[PDB]
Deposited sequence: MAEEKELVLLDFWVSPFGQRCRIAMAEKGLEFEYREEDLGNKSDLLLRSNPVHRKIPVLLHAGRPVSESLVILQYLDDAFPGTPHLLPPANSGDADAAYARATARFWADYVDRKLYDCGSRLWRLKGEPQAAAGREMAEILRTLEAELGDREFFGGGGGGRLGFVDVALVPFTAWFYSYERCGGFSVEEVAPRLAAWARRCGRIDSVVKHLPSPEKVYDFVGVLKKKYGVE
């Protein structure tokens, strides 16, 4: 008799499923994690997300919610007593505008990180370097939005907000972006690097993110799984 029967269909190295893991951890919500083999998807995943057949999928008392950013908003809507990722406009202030800004930047993460990152290990030579330059600029753009704040959330909450959660799993890929793209996050976007180190000390993030070296090793298998 707690809050919820939560189950998460996921894949260990997924940045998208990691979002939902961190958000539940942040919220004190316990869940059953089920590892899926994406080459051998389970009947339950295929039934629970028939449209996309992707993880993560969150099942709350047997009813599925797909798409990581949708699950994140759900975790606020469905559990109003837990610390919120987006400010409730249920208190007015500049809440409405702050929510819109947060959705814009989470959307921007969804549009840029995964796809643009993947080019870094799918391409080689100059095309790879060019993809690296675009990655650096994406990180500079994130940096610019963070400005002088401790977190993307705005703010003074001292904890992870919606955008922070959306972006933080990719901090585990920064190393891989560095080696493949030919730049250093520290040089290109020092304040984003500092943000990644701050986030990296937070228990939810420590728990749910793999190390940069483990991700680099996975990128290694991906780099083979495409050309040969």
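Going by the record, the unmodelled stretches of the deposited sequence, in order, are 1, 94, 231.
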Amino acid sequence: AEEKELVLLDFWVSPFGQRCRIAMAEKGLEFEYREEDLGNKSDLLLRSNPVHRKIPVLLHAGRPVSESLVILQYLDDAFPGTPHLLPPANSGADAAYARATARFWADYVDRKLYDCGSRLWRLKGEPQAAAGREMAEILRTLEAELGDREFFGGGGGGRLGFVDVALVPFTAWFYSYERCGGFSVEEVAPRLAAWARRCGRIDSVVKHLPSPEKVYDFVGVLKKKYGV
From here on, numbers count along this sequence of modelled residues.
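With 143-151 and 116-124 compared on mean CA B-factor from the PDB entry, the stretch scoring higher is 116-124.
Here the stretch with the larger average CA B-factor, out of 215-223 and 14-22, is 215-223. For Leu167, the recorded CA temperature factor ranks within the lowest third of the chain's modelled residues.
Among all modelled residues in this chain, the alpha-carbon of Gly62 has a temperature factor (C-alpha) in the highest third. Ranked by Cα temperature factor within the chain, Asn40 sits in the highest third according to the deposited record. When all modelled residues of the chain are sorted by CA temperature factor, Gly28 is found within the middle third. Sorting the modelled residues of the chain by their CA temperature factor places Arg99 in the middle third.
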